[PDB]
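Participant: how would this look folded up:
(10 chains, ligands or ions: 2)
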Amino acid sequence: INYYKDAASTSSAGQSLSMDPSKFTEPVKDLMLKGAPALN
Amino acid sequence: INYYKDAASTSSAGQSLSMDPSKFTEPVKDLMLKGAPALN
Amino acid sequence: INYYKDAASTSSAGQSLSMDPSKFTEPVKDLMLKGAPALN
Amino acid sequence: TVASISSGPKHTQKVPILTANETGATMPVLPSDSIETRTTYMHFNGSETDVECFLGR
Amino acid sequence: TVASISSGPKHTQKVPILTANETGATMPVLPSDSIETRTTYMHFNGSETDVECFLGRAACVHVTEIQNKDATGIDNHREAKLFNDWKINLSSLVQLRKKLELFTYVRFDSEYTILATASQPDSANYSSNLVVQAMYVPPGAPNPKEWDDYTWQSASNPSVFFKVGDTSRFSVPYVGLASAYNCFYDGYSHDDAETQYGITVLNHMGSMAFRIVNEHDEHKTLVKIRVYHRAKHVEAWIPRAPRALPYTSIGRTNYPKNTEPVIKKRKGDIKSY
Amino acid sequence: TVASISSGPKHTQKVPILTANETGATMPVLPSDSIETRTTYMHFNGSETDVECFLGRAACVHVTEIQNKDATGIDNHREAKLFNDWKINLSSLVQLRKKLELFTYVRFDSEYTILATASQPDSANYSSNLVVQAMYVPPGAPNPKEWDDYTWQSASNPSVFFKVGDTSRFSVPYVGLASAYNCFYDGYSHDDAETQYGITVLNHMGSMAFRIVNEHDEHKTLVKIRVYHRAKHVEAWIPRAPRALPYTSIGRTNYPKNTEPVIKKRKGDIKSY
Amino acid sequence: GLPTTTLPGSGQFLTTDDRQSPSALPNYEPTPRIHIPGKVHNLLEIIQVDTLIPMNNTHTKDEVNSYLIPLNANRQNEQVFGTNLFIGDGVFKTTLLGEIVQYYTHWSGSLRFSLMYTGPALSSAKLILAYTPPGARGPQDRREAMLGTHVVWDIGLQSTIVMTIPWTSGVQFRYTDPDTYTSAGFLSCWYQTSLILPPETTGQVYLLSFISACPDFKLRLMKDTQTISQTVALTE
Amino acid sequence: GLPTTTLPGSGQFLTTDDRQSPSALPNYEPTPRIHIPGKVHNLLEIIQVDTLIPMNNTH
Amino acid sequence: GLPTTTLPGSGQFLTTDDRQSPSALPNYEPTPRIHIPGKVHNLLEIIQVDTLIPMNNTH
Amino acid sequence: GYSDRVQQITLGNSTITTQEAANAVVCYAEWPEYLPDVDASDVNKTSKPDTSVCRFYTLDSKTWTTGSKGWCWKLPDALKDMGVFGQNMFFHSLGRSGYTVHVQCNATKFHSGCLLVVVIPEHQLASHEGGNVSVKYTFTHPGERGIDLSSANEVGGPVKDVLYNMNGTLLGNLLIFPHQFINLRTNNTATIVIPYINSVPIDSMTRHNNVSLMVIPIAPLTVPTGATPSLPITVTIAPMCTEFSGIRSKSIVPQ
Ligand SMILES: COc1ccc(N2CCN(c3cccc(C)c3)CC2)nn1
Ligand SMILES: COc1ccc(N2CCN(c3cccc(C)c3)CC2)nn1
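Facilitator: Numbering: from 1, shown residues only, chains lettered A, B, ... in the order given. Ligands and ions are numbered 1, 2, ... in the order given. Below is the structure:
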């Protein structure tokens, strides 16, 4: 129950439960498959 | 939920969301169309 | 009504109403029947 | 809500920027009447300028 | 539920009262196996003997003390009780300890309650109003050194601010490394020839830090902190023999030498009533 | 969810453990690519590492102080701490600062908490009860000059009145000019040859003004204000390397000269354990 | 008027509680969000990116050189480097992994340790990396080392080798601040055959080493880092 | 009696909060509204009317 | 703002009361339970196991 | 027969071929794109010179020697003088751009050495003076010359200490930023595609640089016996999806 009118006044947000490290761990242009050779 | 009986005791009103500047910006008797000459 | 998000914050648990002393009072490998001889 | 629409070159006989202020009106001229604009949205309602808000603290 | 059924005379070849205790069992014998009984009902559920109930009331687990005074020229705040930590543990006070050690492994959430009262043992014009800060400094975190360190910013560490005379209350989930808390541990932290023995080597939940936020007034004020602990959501495994001798140390089973006989000697014979 | 799957001997032409790190990727190698594993489940969600959780607890962001005393003959209230402003910023204290600067841009609502406690360092008959007023003087608003200016009428400016010893609490929406708060800014406010460099030229959210509403009693009373800040509704973009050297200034990245080696030197060889 | 009773804890301020508050700026409209590449949601997302380990810690002031593990041509049987696995201390401590682990009290999971070789292309080498699970001492010679988790690495076209320290543990969580009961083992590396340089070439070659966490990883019970402190508030 | 806990901020007065209050004049009937030309709803309505700029500020 | 009245007993701490509290460690995930033989639920379960009586108390 | 190894990038009227690549990085896995209306604020139609600005400019070459500490360029600064890109830059009030960065360094199979090529969004530098000394404008706008981390401290300039990234963070952790290594034994180029990253939809190109490109030797250069002890490093950069807005008189900037 929100007792207040504005959105800033609500409690903390709830877990992204998004999670996708590939923008950070695999930003390569041509896809790399694990197990296939790195450099062909 | 109002806890009180009288109307003065309720919280602030809620946004007019009315908004019509023409009583102030265009109080002319004969309508002016933008693009048409001001004085004919 | 829980007012809080985490489970640790809820009140005491509610009675097991489990109760089974046999793991402590009769942990014998071959079942003993009351009334039958203890050692055959 | 659009804050500005897209508008391109103009070569008209219809000039929205020439007016006669002696009339007492403020003609509703916009950026797109005199330069070439691109679309943009308002993203805003004018909530905090409501008179209830202005006199309500 | 019947507590006793009706039972009459018996002249059988089926004797439920003769058993062999060498087997390790406690055979479930009842009054009606050996006298003539009448029906009676239980009228009772055994509600208040549930382990949740047994371990579920607040017990005092710790009393410490800090003072508000001018720290000017104090070379060791910790030592002046300008602030004080509490290497957290429940073995300190014996009442709750004997209760928990009826079990080998225990698992439960804790709901702590902190009462703080002030004392002004020497001439003051008044009673000041102090705010205590209690900050949980888990292992691996900077440890205060002064009573107003950067530490006390406690940007990542849960801390509660309450007023002396009031009480603070907050529960914490079960923060054991394992699946349950060991009440006993017959091991070492590694195969070292001189490393400690027992639980102590598991009890490593950090320490609680207390301090007054207020600067000093003209008089000195003693604030004494009492921490209460209530187990909620209790789970207990493997019952053990109750503690008979007195305790000597947090975390070891050791009893004092030349202790006194714990079994009351008869005033009379074996035959005495 | 499985944390590890079962995997057995391998004799392949398909080698997942040989890679080329020059590419910039971190290939997702697992225990089961190089040893024989058994199934195990995660039993865990990663809840407490969510950025909302990481930045979502209150951190102390500012400690200031004001006093209640007779202003008679004071030529500069601001200077007597009759009242005190706080050119608002979060770079002041380092605990929360290192946490935020793990990200480049951050966006979130703030929930501030203000604790005020009083001190009476020199002889008083009693402890008075003071009411603090905290008024947010955004940029472009009249700035107090005296501790009881027309300013403090604060007819259009949000202000909160609470009692010393108590706490005040109120949150404010994300009031950034941009779409997010910059944690870093490699720019200037204009192409001037001598204009400042860095964030400072963006941090322009005004300042918070504190004062006691009470007139003076016979003694003097020191009131020390602590502002706590909790981010709610957090959004963070572009992770960066954590801060290694100490901080020297609000808003610049500058570290101190002749600082000390931040990497611990081995006591022994590269070969040492 | 509805009858109430207040409980113990009333009026306290717990920095970790999460409740509603009045907005000081009623009706204010925040700036629209625009799109920005790079959003982070979990610290678990970022500790999977690998970063360099200053393994060569033996210097006396921080230098680019403590990131370089040297290799000697023609040595046989010998040991390249050694370290314990207290990820919250020592070599690991300044790495991004080390640096984040320090915001939490407990960790569990697998680690990924990789080595990228930088020697001339016409050279060759075979190294063995060994993980020694808790309970034994840091290995003292390859024979000892090779009886635990190990990978023979053959230096080739494929420049990096990724070793995983699989989670080997009784207790399901360890402390990030070094603790005995909770300790994780040792990591060592030895020549399997030996580094061989081509003609016209000379000197030491170096390996770069990285550390990142497997998707396996768990961190819990947040706390304050020993990695940052201060003595007076900063100002502008 | 229902159990409660009070949070930080209890008793504060925030000049910008918006809540209910008891009416001091229970049951009073305000004067009827009559029509008046000119009602303003938003300050945004009025800043669109143009006004003169003292551009020649040099006096 | 809803009107309330506080009753006698407000603010007391009764070591035996059972209510909710804020968690100090929001969002923390406890270690999984594994199976352990021997769980006790009631003290009534254990007082049915017999134990020896030092009847010969005369020492 | 496609290898990760050979590549061709054609952009405008200019083409690059590499026969020894190591894939390419696209920052944060996003490719440069123009500014959508939903994200727009300024009402001005923007100018998109296309092929006259989105081509490859090769900056002047650097020389890696055994004593090199590393070099740093800022964008869009480094290009402030390249062809029509630069003119547009000084002539509009606002502009926005992504880039393709191609760093080149070839040697032989007897050399060793490894460079880190990294892009840091919002790289705010530190003053070597400490305290709250600022870093003057000119110092953070080196132009095509970039900053040479082995040059001497100057007054009003930034600190040039490599183990600290010019800001109080450790060299070892730069790997959290989009980056690629050039290891003579593997690699001979590094290519990174940079999408536009800012907290505003469009900004000024002269008062704010939005990325620093940094090339840092990490494993020292080691040449074969009696080889000349140095290699040149060349940086070629191409603006991509560039848009300029708010045209006028032509900015005048310090120095
Ligand atoms: C021997 O059994 C136990 C049982 C519980 C227990 N702990 C002590 C630490 N405690 C704790 C945990 C988190 C925060 C705070 C303040 C205290 C939880 C209970 N310690 N030992
Ligand atoms: C560097 O990042 C940030 C992040 C948040 C922040 N602000 C400071 C000002 N603050 C604020 C805004 C409105 C009213 C009051 C009292 C304080 C909001 C958070 N400043 N810098």
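Participant: and the most centrally placed residue in chain D, what does it touch?
Facilitator: Taking CA atoms, centre = their mean as the criterion, residue D:30 is the residue nearest the geometric centre of chain D, at 4.0 Å. By CB atoms under 8 Å, 6 or more residues apart in numbering or on different chains, the contact list for residue D:30 reads residue D:4. In short, each C-beta sits where N, CA and C put it, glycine included.
Participant: Same check on residue J:114?
Facilitator: Neighbour list for residue J:114: G:116, G:118, G:208, J:181-184, J:217-219 [criterion: CB under 8 Å, 6+ apart].
Participant: let's see 6 Å
Facilitator: G:118, J:181, J:183, J:218-219 (CB atoms under 6 Å, 6 or more residues apart in numbering or on different chains).
Participant: now residue J:129
Facilitator: Counted by CB under 6 Å, 6+ apart, residue J:129 has zero contacts.
Participant: Would you mind measuring from the nearest residue to residue J:107 once chain neighbours are set aside to residue J:117?
Facilitator: Spatial nearest neighbour of residue J:107, chain neighbours left out: residue J:184 (4.4 Å); criterion: CB to CB, 6 or more residues apart in numbering or on different chains. Using CB to CB, to the nearest Å, residue J:184 is found at 13 Å from residue J:117.
Participant: Run a quick neighbour tally on the nearest residue to residue J:229 once chain neighbours are set aside.
Facilitator: Nearest non-adjacent residue to residue J:229, counting by CB to CB, 6+ apart: residue J:223, 5.4 Å away. Neighbour count for residue J:223, taken as other CB atoms under 10 Å in any protein chain shown: 22.
Participant: How about the one 3 residues further on?
Facilitator: Applying the criterion other CB under 10 Å, we find 7 residues in the vicinity of residue J:226.
Participant: Ok, residue G:188 next?
Facilitator: Residue G:188 has 25 nearby residues by other CB under 10 Å.
Participant: mind checking how far it is from residue G:80?
Facilitator: Relative to residue G:80, and taking CB to CB, residue G:188 is found at 8 Å.
Participant: Not counting its neighbours along the chain, what's nearest residue 28?
Facilitator: No chain was given, so I picked chain A. Closest residue to residue A:28 apart from its sequence neighbours, by CB to CB, 6+ apart: residue J:23 at 4.4 Å.
Participant: wrong one, chain J
Facilitator: Nearest to residue J:28 is residue G:37, by CB to CB, 6+ apart, at 3.7 Å.
Participant: For the one you found, give me its contacts.
Facilitator: J:28, J:30, J:195, J:197.
Participant: can you tell me the helix or strand for residue G:210?
Facilitator: Residue G:210 belongs to strand G:205-213 when assigned by DSSP states H and E.
Participant: phi, psi of residue G:93?
Facilitator: phi -60, psi -30 (degrees, to the nearest 10).
Participant: residues near it, how many?
Facilitator: Using other CB under 10 Å, residue G:93 is surrounded by 21 other residues.
Participant: ok, now how distant is it from chain D?
Facilitator: 45 Å (CB to the nearest CB, to the nearest Å).
Participant: now swap in residue J:108 and tell me
Facilitator: 53 Å.
Participant: all strands for the stretch 151-255 of chain J, in order.
Facilitator: J:179-183, J:189-194, J:211-222, J:230-247 (DSSP state E, counting those that start in this stretch).
Participant: So for residue G:19, which of these sits nearest?
Facilitator: strand J:211-222 (40.7 Å; CB to CB).
Participant: Mind listing residues that contact the closest one?
Facilitator: Against strand J:211-222 from outside (CB under 6 Å, 6+ apart): G:118, G:206, J:64, J:66, J:68, J:70-75, J:101, J:103, J:112-121, J:123, J:194, J:233.
Participant: For PyMOL, write the select line for the buried members of those residues.
Facilitator: The PyMOL selection below is limited to those of the contacts of strand J:211-222 classed as buried (16 or more other CB atoms under 10 Å in any protein chain shown):
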select buried, (chain G and resi 118+206) or (chain J and resi 64+68+70+71+72+73+74+75+101+103+112+113+114+115+116+117+118+119+120+121+123+194+233)
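Participant: Out of the contacts of strand J:211-222, list just those in strands.
Facilitator: Those of the contacts of strand J:211-222 mapping onto strands are G:206, J:64, J:71-75, J:101, J:103, J:112-121, J:194, J:233, per DSSP state E.
Participant: related to what we said a few turns ago, highest neighbour count among the contacts of residue G:37?
Facilitator: residue J:195 (23 neighbours).
Participant: so what's the residue of the stretch 151-255 of chain J found nearest chain B closest to, chain neighbours aside?
Facilitator: Using CB to the nearest CB, the single residue of the stretch 151-255 of chain J nearest to chain B is residue J:246, 25.5 Å away. Sequence neighbours aside, residue J:93 is the residue nearest to residue J:246 in space, at 3.0 Å (criterion: CB to CB, 6+ apart).
Participant: and the helix or strand where the one you found lies, what does it pack onto?
Facilitator: Secondary structure from DSSP H and E places residue J:93 in strand J:92-104. Packing contacts for strand J:92-104, counted by 3 or more CB pairs under 6 Å, 6 or more residues apart in numbering or on different chains; DSSP states H and E, involve strand J:189-194, strand J:230-247.
Participant: So which of those is the most surrounded?
Facilitator: Most buried of the helices and strands packed on strand J:92-104, by mean neighbour count (mean count of other CB atoms under 10 Å in any protein chain shown): strand J:189-194, with a mean of 25.
Participant: now that one against strand J:112-121, angle please.
Facilitator: 10 degrees (axes from the mean of the first three to the mean of the last three CA atoms, to 10 degrees).
Participant: Tell me if strand J:189-194 is near chain A.
Facilitator: No. Strand J:189-194 lies out of reach of chain A by CB under 6 Å from any CB of the partner chain, never closer than 7.0 Å.
Participant: same deal with stretch G:95-107?
Facilitator: No. Judged by CB under 6 Å from any CB, stretch G:95-107 makes no contact with chain A; its nearest approach is 10.6 Å.
Participant: That stretch: end-to-end distance?
Facilitator: One end of stretch G:95-107 to the other measures 16 Å (CA to CA, to the nearest Å).
Participant: so how far is it from its chain's centroid?
Facilitator: The chain centroid and the centroid of stretch G:95-107 are separated by 8 Å under CA atoms, centre = their mean, to the nearest Å.
Participant: ok, now which ones touch the residue of chain D at minimum distance from chain A?
Facilitator: As assessed by CB to the nearest CB, chain A sits closest to residue D:47 within chain D, at 10.0 Å. Counting by CB under 6 Å, 6+ apart, residue D:47 makes contact with B:15, G:27, G:29.
Participant: quick one: which of those residues is most hemmed in?
Facilitator: Result: residue G:27 is most packed of those (other CB under 10 Å), 21 neighbours.
Participant: State the distance from that one to residue F:175.
Facilitator: For residue G:27, the distance to residue F:175 (CB to CB) stands at 13 Å.
Participant: give me phi/psi at residue G:134?
Facilitator: Note on residue G:134: backbone dihedrals following degrees, to the nearest 10 are phi -50, psi 140.
Participant: ok, it touching residue G:185?
Facilitator: Yes. Under the criterion of CB atoms under 6 Å, residue G:134 makes contact with residue G:185 at 5.2 Å.
Participant: ok, residue G:64 - contacts?
Facilitator: residue J:162.
Participant: Please report phi then psi for it.
Facilitator: phi -60, psi 0.
Participant: Look up how far residue J:18 lies from it.
Facilitator: According to CB to CB, residue G:64 and residue J:18 sit 27 Å apart.
Participant: who does residue J:179 bridge with?
Facilitator: residue J:118 (DSSP bridges).
Participant: Hmm, it is touching residue J:118, no?
Facilitator: Yes. At 3.6 Å, residue J:179 counts as touching residue J:118 under the criterion of CB under 6 Å.
Participant: Can you tell me which residue sits nearest the middle of chain G?
Facilitator: Central residue of chain G (CA atoms, centre = their mean): residue G:97, at 3.9 Å.
Participant: Next, that residue: secondary structure please.
Facilitator: Secondary structure state of residue G:97, per DSSP: H, G, I helix; E, B strand; the rest coil, is helix.
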